[PDB]
2 protein chains.
Amino acid sequence: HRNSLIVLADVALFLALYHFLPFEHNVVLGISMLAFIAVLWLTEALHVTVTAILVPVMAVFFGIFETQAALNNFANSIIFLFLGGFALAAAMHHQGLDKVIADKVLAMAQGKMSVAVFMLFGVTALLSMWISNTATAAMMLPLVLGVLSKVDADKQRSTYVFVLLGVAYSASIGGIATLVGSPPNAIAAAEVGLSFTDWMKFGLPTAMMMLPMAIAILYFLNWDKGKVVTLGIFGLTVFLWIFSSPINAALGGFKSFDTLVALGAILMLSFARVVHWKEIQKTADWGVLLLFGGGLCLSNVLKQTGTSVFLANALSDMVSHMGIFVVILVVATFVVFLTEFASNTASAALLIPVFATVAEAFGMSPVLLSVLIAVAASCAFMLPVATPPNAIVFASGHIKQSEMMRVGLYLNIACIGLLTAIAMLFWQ
Amino acid sequence: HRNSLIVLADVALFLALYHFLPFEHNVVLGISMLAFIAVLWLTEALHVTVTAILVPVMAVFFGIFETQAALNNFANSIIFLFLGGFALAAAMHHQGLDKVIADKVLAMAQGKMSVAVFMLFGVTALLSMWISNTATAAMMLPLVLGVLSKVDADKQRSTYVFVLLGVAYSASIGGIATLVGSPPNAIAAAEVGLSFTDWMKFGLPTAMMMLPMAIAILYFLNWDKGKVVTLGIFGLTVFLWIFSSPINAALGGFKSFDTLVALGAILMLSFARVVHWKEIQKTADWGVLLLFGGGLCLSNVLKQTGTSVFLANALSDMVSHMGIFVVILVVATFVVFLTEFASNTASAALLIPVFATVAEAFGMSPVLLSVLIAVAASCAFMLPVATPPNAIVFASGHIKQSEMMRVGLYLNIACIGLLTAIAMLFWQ
Ligand code: NA
Ligand code: NA
Ligand code: NA
């Protein structure tokens, strides 16, 4: 098989770098492992989650860590914070609160199909804030192929494809609004120790910023049992997540209050009888939760082996020849196009550790580089296979490769500017 | 609703015990919480897994532990060892290696129902050694309700219930053969730190004894793509699990070698392409994996609050009036009948910590009490609702409540003897 070969080619690459690199043995091991994992996660020869499990087993066998020490990475408080958003979404999905949120809004439009399509994007993004991106796309597709029925002029495409590629992008942009939504966001918060309210001040403005800018580029070319309870619980959870900073301070200063709030939601949602656990066990993408830990284990492997300081010293002369503007532009541009070839989270899981640890060796706040990479990782708009939402609206057998390949080439450059701009403002 | 009320009745008990117990505050807090959790797990008003999530959220808010410290319990090496058994079982199910194991063996018997039923039990038990009990029961029922078709005379029931209640029991006995199989086994190994080969020396001999003794009580009343590969990995894995003790010693002494082996299997099964990850995500009962951590968190809560030594001192005069024979007999008997009313795994999560920690307060190796409790938890034979296998062969609308209610009531007494005997032999 194709992927079965990438594994063997990666094993050879490891042995080569392991035996031939003329550096301190630990740096060789750290460099070799980093290259190994990098391939397995970008090519996906092995499932993103399978590669994550391979990270600790390597560090353990090569004396980097002891068994239990390596496994402990998979229990970060952020992982449970994301699991709360899964049970929170599963709750209002099993309850049907996502469809009713679409009807009451889609029906808010009197009957104008012209202004209806615009409302389809705003919901896909708002739903992605709490549910997901692949799921938000798969859930919106049937609701998109429903409005398109009064006038199905398949020959008329400048009024037809715009609505499909829009939701595939609104789902990806909506996931950049909150810590929950896209896995990459969680990987950043877990690396630097961000709170939920910390990441919303960053991403939400960008989501508010990037959504209109994205549409412009395309343009110019019944309340039943405890649905108020689900809303009450949901509203209460989001309220604490925003006000977690002062609430926790005025309670004794609990460590990971955002995580505590997320777990309480699972309790209220289960106490309120509104969602059964078998529902939560299905909605939660346990493979992604394992990926979170796998990325942290790799990050710690870089530190314990000194690969972070070895690469920081190697890039010392290059980053000094560049300004802070030049750096974040190369990074932003590098990822904005890299995420087009590989999975969103698979890209973030690899770059967030490398950059955050090297930036930490430079005595620089790793928040900037980390949050930036997490946002640009969700900027896959060209060809499909970049993000499932892209292949979801792409599976409609209508949108052309070259059409999307060039509309995304415009949006990509557009985002690199918006990101580098906002990234420079969030400095002093 | 009933369960929503059972929760409120338990909430009152906690508040009552909280303010009224006249002991040191820590003991009061530990005592109050222990009673609270005990109810939620035996009645199952909230899903066993939902109750597990409630354990840490309490310890954090009541100052027992800090957030991250509590969550780390959910990453114990045994949990990942059990996750390996899930991907190992999920592999041979999607591949069909379990079906061929039944035919090639069931076909060894030419057509004699006498040796067919006996082979039906031996396979149901051997399959439970590695897969599960609920899954093994659901997988055997069609093969049991297919052989019992030539003798369909539901008027002839003593030749029909024997084969349904027989496999429903053989599936439960098979789960006592290896560390993987029944959650209770893992809870014991995690408390006292048992290896895979350690628990097999305990359970497997007991399984060899209990299977014939169980039948006597009932009596006296094509290899395609890589199906050998699935066996090769399985065979190789089980070979390492057995010889794990010398292999690790001859490699540098890794900490949790058994856990590493389970994770390595997940890699081979994914590298060999024999099972996709989406397959593993279905089979694994993540709710049980979350339960594992909740049970360990409780064990440490008893120590940190001194409840383990507090109960040991309270039982000092009582345990001195009793011999070691009385102890292991009282314990075994209590659970063998307790598991008839509540979930099997939920019971072990409650009693294993209490006894192992109290036994530790008595300065006694908790291995004996832990392994003992873990074995008796899988002895549910009376009414249904005790174990899914009971309600699985009972949902066949043929086996009578009184029929099973008394065959298990007799089989229960039979086990209490065998266990207390072996528990005395496994002493010195
Ligand atoms: Na991507
Ligand atoms: Na089993
Ligand atoms: Na039970």
# chains A, B, ... in the order shown; residues from 1 in each chain; ligands from 1

$ calpha_fit_and_write --fixed "chain B" --moving "chain A" --output "CSV table (one decimal) with C-alpha atoms, in the first residue's frame"
chain,number,residue,atom,x,y,z
A,1,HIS,CA,-37.7,10.2,37.4
A,2,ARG,CA,-36.6,7.3,39.7
A,3,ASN,CA,-32.9,7.8,39.2
A,4,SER,CA,-33.2,11.6,39.4
A,5,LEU,CA,-34.4,11.2,43.0
A,6,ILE,CA,-31.6,8.9,44.2
A,7,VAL,CA,-29.2,11.8,43.2
A,8,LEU,CA,-31.2,14.3,45.4
A,9,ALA,CA,-31.4,11.7,48.2
A,10,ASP,CA,-27.7,11.2,48.0
A,11,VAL,CA,-27.0,14.9,48.1
A,12,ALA,CA,-29.0,15.2,51.3
A,13,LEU,CA,-27.2,12.2,52.8
A,14,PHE,CA,-23.9,14.0,52.1
A,15,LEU,CA,-25.0,17.2,53.8
A,16,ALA,CA,-26.2,15.2,56.7
A,17,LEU,CA,-23.1,13.2,57.2
A,18,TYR,CA,-21.0,16.3,56.5
A,19,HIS,CA,-22.5,18.5,59.2
A,20,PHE,CA,-23.4,15.8,61.8
A,21,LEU,CA,-20.5,13.3,61.9
A,22,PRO,CA,-18.5,14.1,65.1
A,23,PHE,CA,-15.0,13.3,63.7
A,24,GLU,CA,-12.1,15.1,62.3
A,25,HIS,CA,-13.3,17.3,59.4
A,26,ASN,CA,-11.2,15.5,56.8
A,27,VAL,CA,-12.5,12.1,57.9
A,28,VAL,CA,-16.1,13.5,57.6
A,29,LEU,CA,-15.3,14.7,54.1
A,30,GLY,CA,-13.8,11.4,53.1
A,31,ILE,CA,-16.6,9.4,54.7
A,32,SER,CA,-19.3,11.7,53.1
A,33,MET,CA,-17.7,11.5,49.7
A,34,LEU,CA,-17.3,7.7,49.9
A,35,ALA,CA,-21.0,7.3,50.8
A,36,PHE,CA,-21.9,9.7,48.0
A,37,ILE,CA,-20.0,7.8,45.3
A,38,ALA,CA,-21.0,4.4,46.6
A,39,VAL,CA,-24.7,5.2,46.0
A,40,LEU,CA,-24.2,6.7,42.5
A,41,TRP,CA,-22.3,3.6,41.4
A,42,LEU,CA,-24.4,0.8,42.9
A,43,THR,CA,-27.8,2.3,42.0
A,44,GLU,CA,-26.6,3.8,38.7
A,45,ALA,CA,-28.9,6.8,39.0
A,46,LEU,CA,-26.1,8.5,37.0
A,47,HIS,CA,-24.2,6.5,34.4
A,48,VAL,CA,-21.3,4.6,36.1
A,49,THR,CA,-19.0,6.8,34.0
A,50,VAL,CA,-20.7,10.0,35.0
A,51,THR,CA,-20.2,9.2,38.7
A,52,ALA,CA,-16.5,8.5,38.1
A,53,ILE,CA,-16.2,12.0,36.6
A,54,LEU,CA,-17.9,13.4,39.7
A,55,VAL,CA,-15.2,11.9,42.0
A,56,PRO,CA,-12.4,14.3,41.0
A,57,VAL,CA,-14.5,17.4,40.7
A,58,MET,CA,-15.4,16.9,44.4
A,59,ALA,CA,-11.9,16.3,45.7
A,60,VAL,CA,-10.7,19.3,43.7
A,61,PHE,CA,-13.4,21.7,45.0
A,62,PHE,CA,-13.0,20.5,48.6
A,63,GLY,CA,-9.3,21.2,48.8
A,64,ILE,CA,-8.5,17.4,48.8
A,65,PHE,CA,-6.4,17.8,45.6
A,66,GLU,CA,-5.5,20.4,43.0
A,67,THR,CA,-7.3,20.3,39.7
A,68,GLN,CA,-4.5,18.8,37.6
A,69,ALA,CA,-3.6,16.3,40.4
A,70,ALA,CA,-7.1,14.9,40.5
A,71,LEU,CA,-7.4,14.5,36.7
A,72,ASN,CA,-4.0,12.7,36.5
A,73,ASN,CA,-5.6,9.6,38.0
A,74,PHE,CA,-7.3,8.9,34.6
A,75,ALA,CA,-3.9,8.2,32.9
A,76,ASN,CA,-2.9,5.1,34.8
A,77,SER,CA,-0.7,2.7,32.8
A,78,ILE,CA,-3.3,-0.1,33.3
A,79,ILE,CA,-5.9,2.0,31.4
A,80,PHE,CA,-3.8,1.9,28.3
A,81,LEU,CA,-3.1,-1.8,28.8
A,82,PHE,CA,-6.9,-2.3,28.7
A,83,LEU,CA,-7.2,-0.1,25.6
A,84,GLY,CA,-4.7,-2.4,23.9
A,85,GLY,CA,-7.0,-5.3,24.5
A,86,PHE,CA,-9.8,-3.3,22.9
A,87,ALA,CA,-7.9,-2.6,19.7
A,88,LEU,CA,-6.7,-6.2,19.8
A,89,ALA,CA,-10.3,-7.4,19.9
A,90,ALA,CA,-11.5,-4.8,17.4
A,91,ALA,CA,-8.7,-5.9,15.1
A,92,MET,CA,-9.7,-9.6,15.0
A,93,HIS,CA,-13.4,-8.7,15.0
A,94,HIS,CA,-13.3,-6.3,12.1
A,95,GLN,CA,-11.1,-9.0,10.5
A,96,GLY,CA,-13.7,-11.6,11.3
A,97,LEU,CA,-11.3,-13.8,13.3
A,98,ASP,CA,-13.9,-14.4,16.0
A,99,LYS,CA,-16.5,-16.1,13.7
A,100,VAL,CA,-13.9,-18.3,12.0
A,101,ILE,CA,-12.7,-19.3,15.4
A,102,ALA,CA,-16.3,-20.5,16.1
A,103,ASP,CA,-16.8,-22.3,12.8
A,104,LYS,CA,-13.5,-24.2,12.7
A,105,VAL,CA,-14.4,-25.3,16.3
A,106,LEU,CA,-18.1,-25.7,15.9
A,107,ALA,CA,-17.5,-27.7,12.7
A,108,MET,CA,-14.9,-29.8,14.6
A,109,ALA,CA,-17.9,-31.4,16.1
A,110,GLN,CA,-19.0,-33.9,13.4
A,111,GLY,CA,-22.6,-33.1,13.8
A,112,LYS,CA,-23.6,-34.3,17.3
A,113,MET,CA,-25.8,-31.6,18.8
A,114,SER,CA,-25.4,-33.3,22.1
A,115,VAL,CA,-21.6,-32.5,22.3
A,116,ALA,CA,-22.0,-29.2,20.3
A,117,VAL,CA,-23.6,-27.3,23.2
A,118,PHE,CA,-20.7,-28.1,25.5
A,119,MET,CA,-18.3,-26.6,22.9
A,120,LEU,CA,-20.4,-23.3,22.9
A,121,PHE,CA,-19.4,-22.6,26.5
A,122,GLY,CA,-15.6,-23.2,26.0
A,123,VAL,CA,-15.6,-20.6,23.2
A,124,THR,CA,-17.6,-18.0,25.0
A,125,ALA,CA,-15.1,-18.2,27.8
A,126,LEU,CA,-12.0,-18.2,25.6
A,127,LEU,CA,-13.4,-15.3,23.6
A,128,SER,CA,-14.2,-13.4,26.9
A,129,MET,CA,-10.5,-13.7,27.8
A,130,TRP,CA,-9.6,-11.0,25.3
A,131,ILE,CA,-12.8,-9.4,24.0
A,132,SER,CA,-15.2,-8.7,26.8
A,133,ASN,CA,-18.3,-10.1,28.6
A,134,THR,CA,-21.3,-8.1,27.4
A,135,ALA,CA,-19.9,-8.2,23.9
A,136,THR,CA,-19.0,-11.9,24.1
A,137,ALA,CA,-22.6,-12.6,25.2
A,138,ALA,CA,-24.2,-10.5,22.4
A,139,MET,CA,-21.8,-12.1,19.9
A,140,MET,CA,-22.6,-15.7,21.0
A,141,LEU,CA,-26.4,-15.4,21.3
A,142,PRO,CA,-26.9,-15.6,17.5
A,143,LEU,CA,-24.5,-18.5,17.4
A,144,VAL,CA,-26.5,-20.1,20.2
A,145,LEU,CA,-29.9,-19.5,18.6
A,146,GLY,CA,-28.6,-21.4,15.5
A,147,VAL,CA,-27.7,-24.8,16.8
A,148,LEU,CA,-31.2,-24.9,18.5
A,149,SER,CA,-33.2,-25.6,15.3
A,150,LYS,CA,-33.0,-29.3,14.7
A,151,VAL,CA,-35.2,-30.0,17.7
A,152,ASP,CA,-37.0,-26.8,19.0
A,153,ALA,CA,-39.2,-28.7,21.6
A,154,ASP,CA,-40.0,-25.5,23.6
A,155,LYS,CA,-41.8,-27.9,26.0
A,156,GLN,CA,-38.4,-29.6,26.5
A,157,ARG,CA,-36.6,-27.1,28.6
A,158,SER,CA,-34.1,-29.1,30.7
A,159,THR,CA,-32.3,-29.6,27.4
A,160,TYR,CA,-32.9,-26.0,26.1
A,161,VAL,CA,-32.4,-23.4,28.8
A,162,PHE,CA,-29.1,-25.0,30.0
A,163,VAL,CA,-27.4,-23.8,26.8
A,164,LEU,CA,-28.6,-20.1,27.2
A,165,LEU,CA,-27.7,-19.6,30.9
A,166,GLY,CA,-24.4,-21.5,30.2
A,167,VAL,CA,-23.0,-18.9,27.8
A,168,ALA,CA,-24.3,-16.1,30.0
A,169,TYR,CA,-22.1,-17.6,32.7
A,170,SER,CA,-19.2,-18.7,30.5
A,171,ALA,CA,-18.8,-15.1,29.3
A,172,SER,CA,-18.5,-14.0,33.0
A,173,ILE,CA,-16.2,-16.8,34.0
A,174,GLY,CA,-14.1,-16.4,30.9
A,175,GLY,CA,-13.5,-12.8,31.8
A,176,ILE,CA,-11.7,-13.9,35.0
A,177,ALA,CA,-8.9,-15.7,33.1
A,178,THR,CA,-6.8,-12.7,32.1
A,179,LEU,CA,-6.2,-9.1,33.0
A,180,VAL,CA,-8.1,-8.2,29.9
A,181,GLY,CA,-11.7,-9.4,29.7
A,182,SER,CA,-13.6,-7.8,32.7
A,183,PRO,CA,-13.0,-4.3,33.9
A,184,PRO,CA,-12.9,-5.4,37.5
A,185,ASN,CA,-9.6,-7.3,36.8
A,186,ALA,CA,-8.0,-4.1,35.6
A,187,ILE,CA,-9.2,-2.1,38.6
A,188,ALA,CA,-7.4,-4.6,40.9
A,189,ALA,CA,-4.1,-4.5,38.8
A,190,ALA,CA,-4.3,-0.7,38.8
A,191,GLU,CA,-4.8,-0.5,42.6
A,192,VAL,CA,-2.0,-2.8,43.6
A,193,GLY,CA,0.2,-2.5,40.5
A,194,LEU,CA,-0.2,-6.0,39.0
A,195,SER,CA,1.3,-7.1,35.7
A,196,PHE,CA,-0.6,-9.1,33.1
A,197,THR,CA,1.3,-12.3,33.9
A,198,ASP,CA,0.7,-11.6,37.6
A,199,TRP,CA,-3.1,-11.7,37.3
A,200,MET,CA,-3.2,-14.7,34.9
A,201,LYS,CA,-1.6,-16.9,37.5
A,202,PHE,CA,-4.4,-16.0,39.8
A,203,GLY,CA,-7.5,-15.8,37.6
A,204,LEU,CA,-6.8,-18.4,34.9
A,205,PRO,CA,-6.7,-21.4,37.4
A,206,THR,CA,-9.9,-20.1,38.9
A,207,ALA,CA,-11.4,-19.9,35.4
A,208,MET,CA,-10.1,-23.4,34.7
A,209,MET,CA,-11.6,-24.3,38.1
A,210,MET,CA,-14.9,-22.5,38.1
A,211,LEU,CA,-16.1,-23.4,34.6
A,212,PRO,CA,-16.4,-27.2,35.1
A,213,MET,CA,-17.9,-26.7,38.6
A,214,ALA,CA,-20.4,-24.4,37.0
A,215,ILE,CA,-21.5,-26.8,34.2
A,216,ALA,CA,-21.8,-29.6,36.7
A,217,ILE,CA,-24.4,-27.7,38.7
A,218,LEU,CA,-26.4,-27.0,35.6
A,219,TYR,CA,-25.9,-30.6,34.3
A,220,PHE,CA,-27.2,-32.3,37.5
A,221,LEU,CA,-30.5,-30.5,37.5
A,222,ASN,CA,-11.3,-19.1,5.2
A,223,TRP,CA,-8.0,-17.5,6.1
A,224,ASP,CA,-8.1,-14.2,4.1
A,225,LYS,CA,-5.9,-11.1,4.2
A,226,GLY,CA,-3.6,-11.3,7.2
A,227,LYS,CA,-5.8,-13.3,9.5
A,228,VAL,CA,-2.6,-15.1,10.2
A,229,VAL,CA,-1.2,-11.6,10.5
A,230,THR,CA,-3.9,-10.8,13.0
A,231,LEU,CA,-3.1,-14.1,14.6
A,232,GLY,CA,0.7,-13.4,14.4
A,233,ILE,CA,0.3,-9.9,15.9
A,234,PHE,CA,-2.2,-11.3,18.5
A,235,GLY,CA,0.0,-14.2,19.3
A,236,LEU,CA,3.1,-12.0,19.5
A,237,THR,CA,1.2,-9.6,21.9
A,238,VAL,CA,0.0,-12.4,24.2
A,239,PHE,CA,3.4,-14.0,24.2
A,240,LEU,CA,5.1,-10.8,25.4
A,241,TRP,CA,2.4,-10.3,28.1
A,242,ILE,CA,3.1,-13.7,29.5
A,243,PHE,CA,6.9,-13.4,29.3
A,244,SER,CA,6.9,-9.7,30.2
A,245,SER,CA,8.7,-10.3,33.5
A,246,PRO,CA,11.9,-11.9,32.1
A,247,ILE,CA,11.8,-10.0,28.8
A,248,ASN,CA,11.6,-6.6,30.5
A,249,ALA,CA,14.3,-7.6,33.0
A,250,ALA,CA,16.6,-8.6,30.1
A,251,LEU,CA,16.1,-5.2,28.3
A,252,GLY,CA,16.7,-2.6,30.9
A,253,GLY,CA,13.7,-3.0,33.2
A,254,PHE,CA,11.0,-0.8,31.7
A,255,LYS,CA,8.4,0.3,34.1
A,256,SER,CA,5.0,-0.9,32.8
A,257,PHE,CA,6.2,-3.4,30.2
A,258,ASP,CA,2.7,-5.0,29.9
A,259,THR,CA,1.3,-1.5,29.0
A,260,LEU,CA,4.1,-1.0,26.5
A,261,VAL,CA,3.3,-4.4,24.9
A,262,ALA,CA,-0.4,-3.4,24.7
A,263,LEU,CA,0.4,-0.1,23.0
A,264,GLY,CA,2.7,-1.8,20.5
A,265,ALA,CA,-0.1,-4.1,19.5
A,266,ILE,CA,-2.2,-1.0,18.6
A,267,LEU,CA,0.8,0.1,16.5
A,268,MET,CA,1.4,-3.3,14.8
A,269,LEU,CA,-2.3,-3.7,14.2
A,270,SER,CA,-2.3,-0.3,12.6
A,271,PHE,CA,1.0,-0.7,10.9
A,272,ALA,CA,0.0,-4.1,9.6
A,273,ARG,CA,-3.1,-2.3,8.1
A,274,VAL,CA,-5.3,-5.1,9.5
A,275,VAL,CA,-7.5,-2.6,11.5
A,276,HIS,CA,-8.4,1.0,11.0
A,277,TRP,CA,-8.5,3.4,13.9
A,278,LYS,CA,-12.2,4.2,13.5
A,279,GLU,CA,-12.7,0.5,14.3
A,280,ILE,CA,-10.7,0.8,17.5
A,281,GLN,CA,-12.5,4.0,18.5
A,282,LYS,CA,-15.8,2.1,18.3
A,283,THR,CA,-14.8,-1.1,20.1
A,284,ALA,CA,-13.1,0.6,23.0
A,285,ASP,CA,-15.5,1.3,25.9
A,286,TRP,CA,-14.2,4.7,26.7
A,287,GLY,CA,-16.8,5.0,29.5
A,288,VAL,CA,-15.1,2.1,31.3
A,289,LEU,CA,-11.6,3.6,30.8
A,290,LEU,CA,-12.9,6.8,32.5
A,291,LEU,CA,-14.3,4.7,35.3
A,292,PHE,CA,-10.9,3.2,35.9
A,293,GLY,CA,-9.5,6.7,36.6
A,294,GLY,CA,-12.5,7.6,38.7
A,295,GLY,CA,-12.0,4.7,41.0
A,296,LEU,CA,-8.3,5.6,41.5
A,297,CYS,CA,-9.2,9.2,42.2
A,298,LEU,CA,-11.6,8.0,44.9
A,299,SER,CA,-9.0,5.6,46.3
A,300,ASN,CA,-6.6,8.6,46.6
A,301,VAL,CA,-9.3,10.7,48.2
A,302,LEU,CA,-9.6,8.1,51.0
A,303,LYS,CA,-5.9,8.3,51.7
A,304,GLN,CA,-5.4,12.0,51.5
A,305,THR,CA,-8.4,12.5,53.9
A,306,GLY,CA,-7.3,9.7,56.2
A,307,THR,CA,-10.5,7.8,55.8
A,308,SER,CA,-8.5,4.6,55.2
A,309,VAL,CA,-6.8,4.8,58.5
A,310,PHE,CA,-10.0,5.9,60.2
A,311,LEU,CA,-11.9,2.9,59.0
A,312,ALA,CA,-9.0,0.6,59.6
A,313,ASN,CA,-8.9,1.7,63.3
A,314,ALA,CA,-12.7,1.3,63.5
A,315,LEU,CA,-12.5,-2.2,62.2
A,316,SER,CA,-9.3,-3.1,64.2
A,317,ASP,CA,-11.2,-4.8,67.0
A,318,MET,CA,-13.5,-6.6,64.5
A,319,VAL,CA,-10.8,-7.9,62.2
A,320,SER,CA,-8.8,-9.0,65.3
A,321,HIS,CA,-11.8,-11.0,66.6
A,322,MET,CA,-11.8,-12.7,63.2
A,323,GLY,CA,-9.2,-14.9,61.5
A,324,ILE,CA,-7.8,-14.4,58.1
A,325,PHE,CA,-10.2,-17.2,57.1
A,326,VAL,CA,-13.2,-15.4,58.6
A,327,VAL,CA,-12.3,-12.2,56.9
A,328,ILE,CA,-11.9,-13.4,53.3
A,329,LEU,CA,-15.1,-15.5,53.7
A,330,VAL,CA,-17.2,-12.5,54.8
A,331,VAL,CA,-15.6,-10.5,51.9
A,332,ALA,CA,-16.1,-13.2,49.3
A,333,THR,CA,-19.7,-13.9,50.4
A,334,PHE,CA,-20.5,-10.2,50.8
A,335,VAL,CA,-19.4,-9.5,47.2
A,336,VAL,CA,-20.6,-12.7,45.5
A,337,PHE,CA,-24.2,-11.7,46.5
A,338,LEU,CA,-23.7,-8.0,46.2
A,339,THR,CA,-22.7,-8.3,42.5
A,340,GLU,CA,-26.2,-9.8,41.9
A,341,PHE,CA,-27.8,-6.4,42.6
A,342,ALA,CA,-25.4,-4.0,40.9
A,343,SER,CA,-23.1,-3.8,37.9
A,344,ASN,CA,-19.9,-6.0,38.0
A,345,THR,CA,-17.5,-3.2,37.4
A,346,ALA,CA,-19.6,-0.7,39.4
A,347,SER,CA,-19.3,-3.1,42.3
A,348,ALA,CA,-15.5,-3.5,41.9
A,349,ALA,CA,-14.9,0.2,41.4
A,350,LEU,CA,-16.3,0.8,44.9
A,351,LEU,CA,-15.0,-2.1,47.0
A,352,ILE,CA,-11.5,-2.4,45.6
A,353,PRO,CA,-10.4,1.0,46.8
A,354,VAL,CA,-12.0,0.7,50.3
A,355,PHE,CA,-10.6,-2.7,51.0
A,356,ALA,CA,-7.2,-2.3,49.5
A,357,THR,CA,-6.6,1.0,51.4
A,358,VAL,CA,-7.8,-0.4,54.7
A,359,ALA,CA,-5.8,-3.6,54.2
A,360,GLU,CA,-2.8,-1.3,53.4
A,361,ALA,CA,-3.3,0.5,56.7
A,362,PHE,CA,-3.1,-2.9,58.5
A,363,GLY,CA,0.3,-3.4,56.9
A,364,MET,CA,-1.2,-6.3,54.9
A,365,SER,CA,-0.5,-7.1,51.2
A,366,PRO,CA,-3.6,-5.6,49.5
A,367,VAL,CA,-3.1,-8.1,46.6
A,368,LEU,CA,-5.2,-10.8,48.3
A,369,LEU,CA,-8.3,-8.7,49.2
A,370,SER,CA,-8.1,-6.8,45.9
A,371,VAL,CA,-7.7,-9.8,43.6
A,372,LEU,CA,-10.5,-11.6,45.5
A,373,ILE,CA,-13.0,-8.8,45.2
A,374,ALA,CA,-12.2,-8.5,41.5
A,375,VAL,CA,-13.0,-12.2,41.0
A,376,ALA,CA,-16.1,-12.3,43.1
A,377,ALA,CA,-17.4,-9.2,41.4
A,378,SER,CA,-17.7,-11.3,38.2
A,379,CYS,CA,-19.9,-13.9,40.0
A,380,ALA,CA,-23.4,-12.6,39.1
A,381,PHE,CA,-25.5,-15.7,38.2
A,382,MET,CA,-29.0,-15.2,39.8
A,383,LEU,CA,-31.5,-12.7,38.5
A,384,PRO,CA,-30.8,-10.6,35.4
A,385,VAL,CA,-29.7,-7.0,35.6
A,386,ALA,CA,-26.6,-8.4,37.4
A,387,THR,CA,-24.5,-8.6,34.2
A,388,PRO,CA,-25.5,-7.7,30.6
A,389,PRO,CA,-24.6,-11.3,29.5
A,390,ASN,CA,-27.4,-12.4,32.0
A,391,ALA,CA,-29.9,-10.0,30.4
A,392,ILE,CA,-28.6,-11.0,26.9
A,393,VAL,CA,-29.6,-14.7,27.3
A,394,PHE,CA,-32.5,-13.4,29.4
A,395,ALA,CA,-33.9,-11.2,26.6
A,396,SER,CA,-34.7,-14.5,24.8
A,397,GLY,CA,-38.1,-14.4,26.5
A,398,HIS,CA,-37.9,-18.0,27.8
A,399,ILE,CA,-35.8,-18.4,30.9
A,400,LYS,CA,-37.8,-17.9,34.1
A,401,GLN,CA,-36.9,-15.6,36.9
A,402,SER,CA,-37.3,-18.2,39.6
A,403,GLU,CA,-35.3,-20.8,37.6
A,404,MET,CA,-32.3,-18.5,37.3
A,405,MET,CA,-32.9,-17.1,40.8
A,406,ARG,CA,-32.3,-20.5,42.3
A,407,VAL,CA,-29.7,-21.9,39.9
A,408,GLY,CA,-27.6,-18.9,40.7
A,409,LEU,CA,-28.3,-19.3,44.4
A,410,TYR,CA,-26.6,-22.6,44.0
A,411,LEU,CA,-23.7,-21.4,41.9
A,412,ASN,CA,-23.1,-18.4,44.2
A,413,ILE,CA,-22.5,-20.6,47.3
A,414,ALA,CA,-20.5,-22.9,45.1
A,415,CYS,CA,-18.2,-20.1,44.1
A,416,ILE,CA,-17.8,-18.6,47.6
A,417,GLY,CA,-16.3,-22.0,48.6
A,418,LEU,CA,-14.0,-22.3,45.5
A,419,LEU,CA,-12.8,-18.7,46.0
A,420,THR,CA,-12.3,-18.8,49.8
A,421,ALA,CA,-10.5,-22.1,49.2
A,422,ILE,CA,-8.1,-20.8,46.5
A,423,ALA,CA,-7.8,-17.5,48.4
A,424,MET,CA,-6.4,-19.4,51.4
A,425,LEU,CA,-4.0,-21.5,49.3
A,426,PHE,CA,-2.5,-18.3,47.7
A,427,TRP,CA,-0.9,-17.3,51.0
A,428,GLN,CA,2.3,-19.1,51.8

$ select_by_dssp --residues "segment 127-226 of chain B" --states "alpha helix (DSSP H)" --output "PyMOL selection string"
chain B and resi 127-128+134-147+161-174+183-192+196-219
